[PDB]
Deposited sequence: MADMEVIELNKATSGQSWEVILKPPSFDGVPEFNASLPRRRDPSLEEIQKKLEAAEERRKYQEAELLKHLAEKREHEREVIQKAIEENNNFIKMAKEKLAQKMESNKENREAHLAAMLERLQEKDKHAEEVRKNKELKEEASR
């Protein structure tokens, strides 16, 4: 069964039917799009904001490392200074005490001498 359909200046068309059908009959707004694109942009920006927040926390750790080394140097200086002043003072006192004892023994001998000369006149 051939059914002519159309004829025109540059062609013609028809329908060839070999067997008829067994069964008769056949058995997002602009605002919605724009919101979805804007939501995806906000998720990008959030993700990027979170990246930069982690890198900024790393910067502050770096500052805290560098500061800590400066504090260790400063407290190394402060303890070295304290202990050296303590040693030098304790050593000074000690040496002065030894010298003062040596002279006090010598001066006791000196008074004994005057007692010897006195006993001589007494007799």
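Problem set entry | Deposited positions lacking CA coordinates | Those parts of the chain that were deposited but carry no coordinates are 1-4, 32-42, 139-143.
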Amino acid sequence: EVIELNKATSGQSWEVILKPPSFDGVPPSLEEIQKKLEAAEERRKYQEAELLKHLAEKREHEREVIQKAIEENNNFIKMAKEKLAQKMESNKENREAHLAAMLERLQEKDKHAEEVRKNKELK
From here on, numbers count along this sequence of modelled residues.
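Only the largest set of C-alpha atoms that superpose within 1.5 Å between the two forms is called the rigid core.
Problem set entry | Greater root mean square CA deviation, 5-13 compared with 18-26 in 7 other deposited structures of this protein, core aligned | It is 18-26 that deviates more in 7 other deposited structures of this protein.
Exercise. Which third of the chain does residue 63 land in by C-alpha B-factor: lowest, middle or highest?
Worked result: According to the entry, residue 63 has a C-alpha B-factor in the chain's middle third.
For this session: Divide the modelled residues of the chain into thirds by Cα B-factor and specify which third, lowest, middle or highest, holds residue 94.
Result: Residue 94: CA B-factor falls in the middle third of its chain.
Exercise. So where's residue 47 on the chain's Cα temperature factor ranking, which third?
Worked result: Its C-alpha B-factor belongs to the lowest third of this chain's values.
Problem set entry | For residue 8, the third of its chain into which the C-alpha B factor falls | Within its chain, residue 8 is a lowest-third residue by C-alpha B-factor, going by the deposited values.
Exercise. C-alpha B factor of residue 54, ranked within the chain: lowest, middle or highest third?
Worked result: CA B-factor rank for residue 54: middle third.
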